[PDB]
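So this block is query_39.cif, mmCIF, N, CA and C atoms and all ligand atoms:
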```
data_run
loop_
_atom_site.label_atom_id
_atom_site.label_comp_id
_atom_site.auth_asym_id
_atom_site.auth_seq_id
_atom_site.Cartn_x
_atom_site.Cartn_y
_atom_site.Cartn_z
N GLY A 1 90.69 109.54 96.60
CA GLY A 1 89.50 110.09 95.90
C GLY A 1 89.73 110.05 94.39
N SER A 2 89.09 110.93 93.66
CA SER A 2 89.26 110.95 92.18
C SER A 2 90.56 111.66 91.80
N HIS A 3 90.66 112.93 92.09
CA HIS A 3 91.91 113.68 91.74
C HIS A 3 93.14 112.96 92.31
N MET A 4 93.77 112.14 91.52
CA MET A 4 94.98 111.41 92.02
C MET A 4 96.18 111.73 91.13
N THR A 5 97.13 110.85 91.06
CA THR A 5 98.33 111.12 90.20
C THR A 5 98.60 109.94 89.27
N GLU A 6 99.22 110.20 88.15
CA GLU A 6 99.52 109.11 87.18
C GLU A 6 100.80 109.41 86.38
N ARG A 7 101.46 110.51 86.67
CA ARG A 7 102.71 110.85 85.93
C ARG A 7 103.80 111.24 86.93
N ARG A 8 103.51 111.15 88.20
CA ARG A 8 104.52 111.51 89.23
C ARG A 8 105.37 110.29 89.58
N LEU A 9 105.19 109.21 88.86
CA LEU A 9 105.97 107.98 89.15
C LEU A 9 107.45 108.17 88.78
N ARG A 10 108.31 108.12 89.77
CA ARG A 10 109.77 108.30 89.51
C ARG A 10 110.57 107.33 90.38
N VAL A 11 111.71 106.92 89.91
CA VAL A 11 112.54 105.98 90.72
C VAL A 11 114.00 106.43 90.74
N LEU A 12 114.49 106.78 91.89
CA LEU A 12 115.91 107.22 91.98
C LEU A 12 116.76 106.05 92.48
N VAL A 13 117.53 105.45 91.62
CA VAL A 13 118.37 104.30 92.07
C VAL A 13 119.83 104.70 91.93
N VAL A 14 120.57 104.66 92.98
CA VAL A 14 121.98 105.11 92.86
C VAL A 14 122.96 104.21 93.59
N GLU A 15 124.19 104.30 93.19
CA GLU A 15 125.29 103.51 93.81
C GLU A 15 126.62 104.00 93.24
N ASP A 16 127.70 103.65 93.85
CA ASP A 16 129.03 104.11 93.36
C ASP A 16 129.10 104.24 91.83
N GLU A 17 129.58 103.23 91.15
CA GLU A 17 129.73 103.32 89.66
C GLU A 17 128.37 103.33 88.93
N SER A 18 128.40 103.36 87.62
CA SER A 18 127.14 103.44 86.81
C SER A 18 126.46 102.08 86.60
N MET A 19 126.97 101.03 87.17
CA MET A 19 126.30 99.71 86.98
C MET A 19 124.80 99.88 87.22
N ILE A 20 124.44 100.87 87.98
CA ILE A 20 123.00 101.13 88.26
C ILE A 20 122.44 102.09 87.20
N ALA A 21 123.31 102.86 86.60
CA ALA A 21 122.87 103.83 85.56
C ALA A 21 121.99 103.13 84.51
N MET A 22 122.59 102.57 83.49
CA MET A 22 121.79 101.88 82.45
C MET A 22 120.87 100.85 83.11
N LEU A 23 121.22 100.41 84.28
CA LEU A 23 120.34 99.44 84.99
C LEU A 23 118.99 100.12 85.25
N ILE A 24 118.94 101.42 85.07
CA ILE A 24 117.68 102.17 85.30
C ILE A 24 117.01 102.50 83.96
N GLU A 25 117.76 103.00 83.02
CA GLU A 25 117.17 103.34 81.69
C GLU A 25 116.26 102.20 81.22
N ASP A 26 116.53 101.00 81.66
CA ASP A 26 115.68 99.85 81.24
C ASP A 26 114.40 99.83 82.08
N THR A 27 114.51 100.18 83.34
CA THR A 27 113.31 100.20 84.22
C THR A 27 112.33 101.26 83.72
N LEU A 28 112.80 102.46 83.53
CA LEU A 28 111.90 103.54 83.04
C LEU A 28 111.40 103.18 81.63
N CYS A 29 112.14 102.36 80.92
CA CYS A 29 111.69 101.96 79.56
C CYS A 29 110.36 101.21 79.68
N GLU A 30 110.24 100.40 80.69
CA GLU A 30 108.99 99.63 80.90
C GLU A 30 107.97 100.50 81.64
N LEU A 31 108.37 101.11 82.72
CA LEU A 31 107.43 101.98 83.49
C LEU A 31 107.14 103.27 82.73
N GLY A 32 108.12 103.82 82.09
CA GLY A 32 107.90 105.11 81.37
C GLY A 32 108.14 106.25 82.37
N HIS A 33 108.70 105.93 83.51
CA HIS A 33 108.98 106.98 84.54
C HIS A 33 109.46 108.26 83.88
N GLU A 34 109.43 109.36 84.58
CA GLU A 34 109.92 110.62 83.96
C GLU A 34 111.45 110.64 83.96
N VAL A 35 112.06 110.67 85.11
CA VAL A 35 113.55 110.68 85.17
C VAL A 35 114.02 109.87 86.39
N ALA A 36 114.94 108.96 86.19
CA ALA A 36 115.43 108.15 87.33
C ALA A 36 116.76 108.71 87.84
N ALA A 37 117.40 108.02 88.75
CA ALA A 37 118.70 108.51 89.28
C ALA A 37 119.79 107.47 89.02
N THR A 38 120.98 107.90 88.73
CA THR A 38 122.09 106.95 88.45
C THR A 38 123.29 107.23 89.36
N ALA A 39 124.10 106.22 89.57
CA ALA A 39 125.30 106.34 90.44
C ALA A 39 124.93 106.99 91.78
N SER A 40 125.77 106.87 92.76
CA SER A 40 125.45 107.47 94.09
C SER A 40 125.73 108.97 94.07
N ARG A 41 124.78 109.77 94.50
CA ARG A 41 124.99 111.23 94.49
C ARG A 41 124.29 111.88 95.69
N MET A 42 125.04 112.52 96.55
CA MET A 42 124.42 113.17 97.73
C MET A 42 123.41 114.23 97.28
N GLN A 43 123.67 114.87 96.17
CA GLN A 43 122.72 115.91 95.68
C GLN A 43 121.41 115.25 95.23
N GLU A 44 121.49 114.33 94.31
CA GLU A 44 120.25 113.65 93.83
C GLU A 44 119.72 112.71 94.91
N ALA A 45 120.60 112.04 95.61
CA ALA A 45 120.14 111.11 96.68
C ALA A 45 119.25 111.88 97.67
N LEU A 46 119.53 113.14 97.86
CA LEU A 46 118.71 113.95 98.79
C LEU A 46 117.31 114.13 98.21
N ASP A 47 117.21 114.22 96.91
CA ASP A 47 115.88 114.40 96.27
C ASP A 47 115.03 113.14 96.44
N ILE A 48 115.65 111.99 96.38
CA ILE A 48 114.86 110.73 96.55
C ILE A 48 114.39 110.63 98.00
N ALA A 49 115.09 111.23 98.92
CA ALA A 49 114.67 111.14 100.35
C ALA A 49 113.78 112.33 100.75
N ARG A 50 114.25 113.53 100.54
CA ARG A 50 113.45 114.73 100.94
C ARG A 50 112.11 114.78 100.20
N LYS A 51 112.04 114.27 99.00
CA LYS A 51 110.74 114.31 98.26
C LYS A 51 109.62 113.67 99.07
N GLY A 52 109.85 112.51 99.63
CA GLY A 52 108.79 111.84 100.42
C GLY A 52 107.89 111.02 99.49
N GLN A 53 107.49 111.60 98.39
CA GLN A 53 106.61 110.85 97.43
C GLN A 53 107.33 110.69 96.08
N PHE A 54 108.55 110.23 96.12
CA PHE A 54 109.34 110.02 94.86
C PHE A 54 109.11 108.61 94.33
N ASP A 55 108.17 107.90 94.90
CA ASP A 55 107.87 106.50 94.44
C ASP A 55 108.91 105.50 94.94
N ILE A 56 110.15 105.60 94.53
CA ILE A 56 111.17 104.60 95.00
C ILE A 56 112.59 105.19 95.00
N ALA A 57 113.48 104.69 95.83
CA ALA A 57 114.87 105.24 95.85
C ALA A 57 115.87 104.17 96.29
N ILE A 58 116.98 104.02 95.63
CA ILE A 58 117.93 102.96 96.05
C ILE A 58 119.37 103.45 96.20
N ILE A 59 119.76 103.81 97.39
CA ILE A 59 121.18 104.22 97.63
C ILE A 59 121.90 102.97 98.14
N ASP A 60 121.98 101.98 97.31
CA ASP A 60 122.59 100.68 97.72
C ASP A 60 124.03 100.82 98.20
N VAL A 61 124.73 99.72 98.23
CA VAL A 61 126.15 99.70 98.67
C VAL A 61 126.35 100.51 99.97
N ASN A 62 126.57 99.81 101.04
CA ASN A 62 126.81 100.45 102.36
C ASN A 62 127.97 99.71 103.02
N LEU A 63 128.76 99.06 102.21
CA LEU A 63 129.91 98.27 102.73
C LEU A 63 131.20 98.86 102.20
N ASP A 64 132.31 98.44 102.72
CA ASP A 64 133.60 98.99 102.23
C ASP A 64 133.56 100.52 102.33
N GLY A 65 132.65 101.06 103.10
CA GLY A 65 132.59 102.55 103.21
C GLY A 65 131.26 102.99 103.83
N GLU A 66 130.26 102.17 103.77
CA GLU A 66 128.94 102.58 104.33
C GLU A 66 128.50 103.92 103.71
N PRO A 67 128.67 104.03 102.41
CA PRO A 67 128.29 105.27 101.70
C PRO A 67 126.77 105.37 101.53
N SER A 68 126.05 105.62 102.59
CA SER A 68 124.56 105.74 102.48
C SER A 68 124.09 107.08 103.08
N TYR A 69 125.00 107.80 103.69
CA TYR A 69 124.67 109.12 104.32
C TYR A 69 123.37 109.04 105.12
N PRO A 70 123.09 110.10 105.82
CA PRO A 70 121.88 110.15 106.65
C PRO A 70 120.64 110.41 105.79
N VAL A 71 120.78 110.48 104.49
CA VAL A 71 119.57 110.73 103.66
C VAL A 71 118.86 109.41 103.37
N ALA A 72 119.59 108.35 103.13
CA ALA A 72 118.94 107.04 102.88
C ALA A 72 118.65 106.38 104.21
N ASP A 73 119.63 106.30 105.06
CA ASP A 73 119.41 105.68 106.38
C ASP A 73 118.16 106.27 107.02
N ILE A 74 118.11 107.57 107.11
CA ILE A 74 116.91 108.23 107.70
C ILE A 74 115.68 107.75 106.95
N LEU A 75 115.77 107.79 105.65
CA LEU A 75 114.65 107.32 104.81
C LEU A 75 114.27 105.89 105.21
N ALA A 76 115.14 105.22 105.91
CA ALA A 76 114.86 103.83 106.33
C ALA A 76 114.23 103.80 107.74
N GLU A 77 114.77 104.55 108.66
CA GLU A 77 114.21 104.55 110.05
C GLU A 77 112.70 104.82 110.02
N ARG A 78 112.23 105.47 109.00
CA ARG A 78 110.77 105.76 108.92
C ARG A 78 110.16 104.96 107.76
N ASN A 79 110.87 104.88 106.67
CA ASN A 79 110.39 104.10 105.50
C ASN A 79 109.03 104.60 104.99
N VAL A 80 109.03 105.21 103.84
CA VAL A 80 107.76 105.70 103.23
C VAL A 80 107.44 104.77 102.04
N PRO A 81 106.77 105.25 101.01
CA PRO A 81 106.51 104.37 99.84
C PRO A 81 107.78 104.34 98.98
N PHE A 82 108.37 103.19 98.80
CA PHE A 82 109.64 103.13 98.01
C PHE A 82 110.25 101.73 98.05
N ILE A 83 111.54 101.68 97.97
CA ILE A 83 112.27 100.39 98.05
C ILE A 83 113.75 100.69 98.15
N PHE A 84 114.51 99.73 98.59
CA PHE A 84 115.96 99.95 98.78
C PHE A 84 116.74 98.62 98.68
N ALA A 85 118.03 98.70 98.63
CA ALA A 85 118.84 97.45 98.55
C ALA A 85 120.33 97.78 98.67
N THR A 86 121.01 97.19 99.62
CA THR A 86 122.46 97.50 99.79
C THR A 86 123.22 96.24 100.23
N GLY A 87 124.51 96.36 100.41
CA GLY A 87 125.31 95.18 100.87
C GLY A 87 124.61 94.52 102.06
N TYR A 88 123.73 95.23 102.72
CA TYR A 88 123.02 94.65 103.89
C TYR A 88 121.84 93.79 103.43
N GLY A 89 120.90 94.37 102.72
CA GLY A 89 119.72 93.58 102.26
C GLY A 89 118.46 94.05 102.98
N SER A 90 118.43 95.29 103.41
CA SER A 90 117.24 95.82 104.13
C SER A 90 117.09 95.20 105.51
N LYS A 91 117.30 95.98 106.53
CA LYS A 91 117.16 95.47 107.92
C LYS A 91 115.71 95.08 108.18
N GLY A 92 114.81 95.87 107.67
CA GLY A 92 113.37 95.59 107.85
C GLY A 92 112.59 96.79 107.31
N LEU A 93 113.09 97.40 106.27
CA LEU A 93 112.39 98.58 105.70
C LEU A 93 110.89 98.30 105.64
N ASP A 94 110.11 99.21 106.15
CA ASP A 94 108.63 99.01 106.16
C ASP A 94 107.97 99.93 105.14
N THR A 95 107.78 99.45 103.95
CA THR A 95 107.14 100.29 102.90
C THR A 95 105.71 99.82 102.67
N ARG A 96 104.98 100.51 101.84
CA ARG A 96 103.58 100.07 101.57
C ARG A 96 103.61 98.97 100.51
N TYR A 97 104.78 98.48 100.18
CA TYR A 97 104.87 97.42 99.15
C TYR A 97 104.61 96.05 99.78
N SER A 98 105.49 95.60 100.64
CA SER A 98 105.29 94.27 101.31
C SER A 98 106.59 93.75 101.96
N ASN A 99 107.62 94.56 102.05
CA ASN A 99 108.88 94.08 102.69
C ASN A 99 109.49 92.92 101.89
N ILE A 100 109.11 92.78 100.65
CA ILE A 100 109.67 91.64 99.84
C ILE A 100 110.62 92.10 98.70
N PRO A 101 110.44 93.28 98.16
CA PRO A 101 111.32 93.74 97.05
C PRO A 101 112.58 94.44 97.57
N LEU A 102 113.44 93.74 98.26
CA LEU A 102 114.68 94.41 98.76
C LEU A 102 115.91 93.51 98.56
N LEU A 103 117.09 94.09 98.51
CA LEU A 103 118.30 93.23 98.31
C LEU A 103 119.60 94.05 98.34
N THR A 104 120.63 93.55 97.71
CA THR A 104 121.92 94.28 97.69
C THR A 104 122.36 94.58 96.26
N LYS A 105 121.45 94.57 95.33
CA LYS A 105 121.86 94.85 93.93
C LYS A 105 122.96 93.85 93.50
N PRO A 106 122.78 92.61 93.89
CA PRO A 106 123.76 91.56 93.52
C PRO A 106 123.63 91.25 92.03
N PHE A 107 122.64 91.82 91.39
CA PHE A 107 122.43 91.58 89.93
C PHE A 107 122.16 90.10 89.68
N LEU A 108 120.91 89.75 89.69
CA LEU A 108 120.49 88.34 89.48
C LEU A 108 119.00 88.24 89.85
N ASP A 109 118.60 89.01 90.82
CA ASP A 109 117.17 89.02 91.26
C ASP A 109 116.85 90.34 92.00
N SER A 110 117.73 91.31 91.94
CA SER A 110 117.51 92.59 92.66
C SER A 110 116.42 93.47 92.01
N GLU A 111 116.81 94.57 91.40
CA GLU A 111 115.82 95.49 90.77
C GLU A 111 114.65 94.72 90.16
N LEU A 112 114.92 93.71 89.39
CA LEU A 112 113.80 92.94 88.78
C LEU A 112 112.78 92.56 89.86
N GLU A 113 113.22 92.00 90.95
CA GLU A 113 112.26 91.64 92.03
C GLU A 113 111.39 92.85 92.35
N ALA A 114 112.00 93.91 92.76
CA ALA A 114 111.25 95.15 93.09
C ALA A 114 110.16 95.41 92.03
N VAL A 115 110.37 94.98 90.82
CA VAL A 115 109.33 95.22 89.77
C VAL A 115 108.58 93.91 89.48
N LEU A 116 109.13 92.80 89.91
CA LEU A 116 108.46 91.49 89.66
C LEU A 116 107.55 91.14 90.84
N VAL A 117 108.01 91.37 92.04
CA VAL A 117 107.19 91.04 93.25
C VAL A 117 105.98 91.97 93.36
N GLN A 118 105.88 92.96 92.52
CA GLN A 118 104.73 93.89 92.62
C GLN A 118 103.67 93.57 91.57
N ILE A 119 104.06 93.50 90.32
CA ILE A 119 103.06 93.21 89.25
C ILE A 119 101.79 94.02 89.49
N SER A 120 101.92 95.17 90.10
CA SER A 120 100.72 96.03 90.38
C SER A 120 99.95 95.51 91.60
N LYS A 121 99.68 94.22 91.62
CA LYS A 121 98.93 93.57 92.75
C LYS A 121 97.44 93.50 92.43
N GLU A 122 97.11 93.53 91.17
CA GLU A 122 95.68 93.41 90.77
C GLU A 122 95.46 92.05 90.11
N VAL A 123 96.45 91.20 90.22
CA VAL A 123 96.37 89.84 89.63
C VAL A 123 95.49 89.81 88.38
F1 LIG B 1 125.96 98.98 93.53
BE1 LIG B 1 125.58 99.59 94.83
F2 LIG B 1 127.27 99.08 94.88
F3 LIG B 1 125.58 98.68 95.83
CA CA B 2 127.45 99.66 92.86
#
```
Can the structure from this file be put into structure tokens for me?
Amino acid sequence: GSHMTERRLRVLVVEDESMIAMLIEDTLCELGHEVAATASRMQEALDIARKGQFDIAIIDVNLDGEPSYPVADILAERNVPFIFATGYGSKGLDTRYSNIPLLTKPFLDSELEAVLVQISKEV
């Protein structure tokens, strides 16, 4: 309807080290998001999952330890509006995006895709 949202856009992207940290400050720089998430954190990672409408969340890296806890995995068995990427590459996350913006944060076409494969969709 009319009463919608335009400032609730947030993206929580996390993983072991901070390689994802500044990797986010650049995303919000373009989107203008309010606050993103850096490094893997069970406390903040829970906010990207329990929120339900946090826009997007990335608890990548699930290898050499499978550090994804039941907060991201669960977030996958149902998949809401968001995106993800880990050593796996998304088994089949079903989001309202298109099942195309997913990966393992290999740094080369990851996060960018999630923001490039969308382009809003208003051509
Ligand atoms: F960087 Be998260 F290692 F996958
Ligand atoms: Ca990492």
Subject >> region 5-20 of chain A environment, 6.5 Å, all atoms listed in the file, sequence neighbours closer than 5 positions dropped, as a PyMOL selection string >> reply: chain A and resi 25+33-41+48+54-61
Output N, CA and C atoms for every residue in that selection, as an mmCIF file, in the frame of the given file.
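Output file selection.cif follows:
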```cif
data_model
loop_
_atom_site.group_PDB
_atom_site.id
_atom_site.type_symbol
_atom_site.label_atom_id
_atom_site.label_comp_id
_atom_site.auth_asym_id
_atom_site.auth_seq_id
_atom_site.Cartn_x
_atom_site.Cartn_y
_atom_site.Cartn_z
ATOM 1 N N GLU A 25 117.760 103.000 83.020
ATOM 2 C CA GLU A 25 117.170 103.340 81.690
ATOM 3 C C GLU A 25 116.260 102.200 81.220
ATOM 4 N N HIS A 33 108.700 105.930 83.510
ATOM 5 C CA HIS A 33 108.980 106.980 84.540
ATOM 6 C C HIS A 33 109.460 108.260 83.880
ATOM 7 N N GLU A 34 109.430 109.360 84.580
ATOM 8 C CA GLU A 34 109.920 110.620 83.960
ATOM 9 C C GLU A 34 111.450 110.640 83.960
ATOM 10 N N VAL A 35 112.060 110.670 85.110
ATOM 11 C CA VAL A 35 113.550 110.680 85.170
ATOM 12 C C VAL A 35 114.020 109.870 86.390
ATOM 13 N N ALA A 36 114.940 108.960 86.190
ATOM 14 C CA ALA A 36 115.430 108.150 87.330
ATOM 15 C C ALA A 36 116.760 108.710 87.840
ATOM 16 N N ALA A 37 117.400 108.020 88.750
ATOM 17 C CA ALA A 37 118.700 108.510 89.280
ATOM 18 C C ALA A 37 119.790 107.470 89.020
ATOM 19 N N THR A 38 120.980 107.900 88.730
ATOM 20 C CA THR A 38 122.090 106.950 88.450
ATOM 21 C C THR A 38 123.290 107.230 89.360
ATOM 22 N N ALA A 39 124.100 106.220 89.570
ATOM 23 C CA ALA A 39 125.300 106.340 90.440
ATOM 24 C C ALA A 39 124.930 106.990 91.780
ATOM 25 N N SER A 40 125.770 106.870 92.760
ATOM 26 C CA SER A 40 125.450 107.470 94.090
ATOM 27 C C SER A 40 125.730 108.970 94.070
ATOM 28 N N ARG A 41 124.780 109.770 94.500
ATOM 29 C CA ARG A 41 124.990 111.230 94.490
ATOM 30 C C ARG A 41 124.290 111.880 95.690
ATOM 31 N N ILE A 48 115.650 111.990 96.380
ATOM 32 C CA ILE A 48 114.860 110.730 96.550
ATOM 33 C C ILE A 48 114.390 110.630 98.000
ATOM 34 N N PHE A 54 108.550 110.230 96.120
ATOM 35 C CA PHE A 54 109.340 110.020 94.860
ATOM 36 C C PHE A 54 109.110 108.610 94.330
ATOM 37 N N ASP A 55 108.170 107.900 94.900
ATOM 38 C CA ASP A 55 107.870 106.500 94.440
ATOM 39 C C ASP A 55 108.910 105.500 94.940
ATOM 40 N N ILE A 56 110.150 105.600 94.530
ATOM 41 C CA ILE A 56 111.170 104.600 95.000
ATOM 42 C C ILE A 56 112.590 105.190 95.000
ATOM 43 N N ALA A 57 113.480 104.690 95.830
ATOM 44 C CA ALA A 57 114.870 105.240 95.850
ATOM 45 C C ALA A 57 115.870 104.170 96.290
ATOM 46 N N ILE A 58 116.980 104.020 95.630
ATOM 47 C CA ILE A 58 117.930 102.960 96.050
ATOM 48 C C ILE A 58 119.370 103.450 96.200
ATOM 49 N N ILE A 59 119.760 103.810 97.390
ATOM 50 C CA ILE A 59 121.180 104.220 97.630
ATOM 51 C C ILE A 59 121.900 102.970 98.140
ATOM 52 N N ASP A 60 121.980 101.980 97.310
ATOM 53 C CA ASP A 60 122.590 100.680 97.720
ATOM 54 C C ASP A 60 124.030 100.820 98.200
ATOM 55 N N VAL A 61 124.730 99.720 98.230
ATOM 56 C CA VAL A 61 126.150 99.700 98.670
ATOM 57 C C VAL A 61 126.350 100.510 99.970
#
```
**OP:** Fewer than 4 positions away in the same chain doesn't count, so skip those; otherwise give me all residues within 8 Å of region 107-122 of chain A, counting only N, CA and C atoms, as a VMD selection string.
**Re:** chain A and resid 23 83 to 85 97 100 to 103
Original post:
For the atom pair CA of residue 86 (chain A) and CA of residue 106 (chain A), what is the interatomic distance in Å to one decimal place?
Top reply: 8.7 Å
Using the file's own x, y and z axes, what box holds all listed atoms of region 38-52 of chain A with 8 Å on each side, keeping edges along x, y and z, and what are its centre and edge lengths in Å to one decimal, as AutoDock Vina command-line options?
```
--center_x 116.8 --center_y 111.1 --center_z 94.7 --size_x 33.9 --size_y 25.7 --size_z 28.5
```
**OP:** Pull the helix (DSSP H, G or I) assignments for region 9-114 of chain A out of DSSP run on the backbone, and list those residues as an MDAnalysis selection string.
**Re:** chainID A and resid 18:20 22:31 42:50 69:78 110:114
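With only N, CA and C atoms and all ligand atoms as the atoms that count, the residue of A:52, A:79, A:123, A:104 with the shortest distance to ligand LIG 1 (chain B) is A:104.
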**OP:** Could you tell me which of A:71, A:22, A:80, A:63 comes closest to ligand LIG 1 (chain B) if we count all atoms listed in the file?
**Re:**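 Closest candidate: A:63.
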**OP:** Enumerate as a PyMOL selection string all residues of chain A assigned to strand (DSSP E or B) by DSSP on the backbone, naming them with the chain letters and numbers the document uses.
**Re:** chain A and resi 11-14+37+56-59+85+103
Subject >> CA of residue 89 (chain A) to atom N of residue 62 (chain A), distance in Å rounded to a single decimal >> reply: 9.3 Å
Subject >> CA of residue 96 (chain A) to atom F1 of ligand LIG 1 (chain B), straight-line distance in Å >> reply: 23.8 Å
